[PDB]
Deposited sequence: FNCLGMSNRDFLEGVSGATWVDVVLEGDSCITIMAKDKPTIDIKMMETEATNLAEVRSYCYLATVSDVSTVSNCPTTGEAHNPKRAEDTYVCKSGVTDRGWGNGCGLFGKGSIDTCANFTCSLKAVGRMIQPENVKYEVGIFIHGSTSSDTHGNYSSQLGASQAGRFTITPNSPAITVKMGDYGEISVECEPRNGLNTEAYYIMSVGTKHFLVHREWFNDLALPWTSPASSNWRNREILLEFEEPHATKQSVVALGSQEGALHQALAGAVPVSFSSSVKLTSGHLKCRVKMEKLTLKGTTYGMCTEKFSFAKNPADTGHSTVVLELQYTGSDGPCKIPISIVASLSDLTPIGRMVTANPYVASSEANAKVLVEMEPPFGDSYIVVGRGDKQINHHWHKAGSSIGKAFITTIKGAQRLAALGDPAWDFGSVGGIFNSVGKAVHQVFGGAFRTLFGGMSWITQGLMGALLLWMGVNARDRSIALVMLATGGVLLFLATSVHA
């Protein structure tokens, strides 16, 4: 629900609503002017009523083996066990003569049948769209300590957080956040997990989210959901060198390890009577027109503060600290700011804790304050006069470097989500409305031509496209190949 000690979160400036794409294990903080800063995150997604679509055998067993033999030129041997369904049969041919049995020399046909039993099977199930169940957490910053910022048994008890379920039946929900008002969100669970290009494959106790084509293409003996007879059983059987009267059959060993190797790249889920996975995305739209500030008329705290917990970098060019307040007065605003220097005390930074305050009247209160300073040397100032306490902070980056980082984050977000990435922080407008519509056609033209391809193959194909485009003429086909080769290399390096 809350994203402070989380590696990857995005920041979104505000005007009455904004649509976001809650990703797997990331979070979003939405800063707006004259609004409480709020964080929203998709904690997990779930399936509940899964129906079997297939089974695959990976440990088969041969029970009894028979060989019907015919003399040379007598025709083809026919084992009567070909009329029974649980028997796998194959026709071979063995040398026959006077020493073997028969009155003619040459290649006599034999028919060998072995009883097929399946010991262990991998079960592939599917998800109906009306059963996906997203868990979503929303939290208002408010006035928290460090031992309650992520508890949610205190955030819920202070009307500052909520976990709620998004279902295709009920794509929208409102949360009462106390004096902050109401926060609403309507999502797109149907446009969430594709749920029509995936199966849930269970191998023993390991459950995976596999593609439908891949699951359909396994070279293993398979069967219908309720059925018992198998097809393509000969994959797990070996008929050795033929013998006139007794040719043996061996079942191959368990393919569970080979299946696990094949599952490389699948997404492990945790099927415990209900599929639970913490990946994918969910596109939502949050309304905060009913979200208001709390305690607009507290006033400033008078007595001195302290750094109860030193300022710490959070990794997103943001700082967090915790102030202990000696004042025994009631709720009051915290006089805290980021300045370029302790002379010329004007604020230069923006604070994401949204007008902090000391929510209690009991003394020795502890308040977590979390703010984003600018690049270079800054001072965190709280208090005034003799009570003013200060802290020197330094931010290492630069604006152009941050622009490059944001550019590559956006490029790989387009890679991750494709078209829904154009709905990340959008406020409408023709620019996004046409960017989505052109990314759709370009993605189709790119996916019919380079889908189902690994990073090495696409990297080499892109390198060849660069070579060709440099040697290309007419300057019109050149740039197309340059763009495609750039994209293929970006994709090939985006995962290493």
query	finding
Deposited-sequence ranges lacking C-alpha coordinates, in sequence order	15 to 17, 500
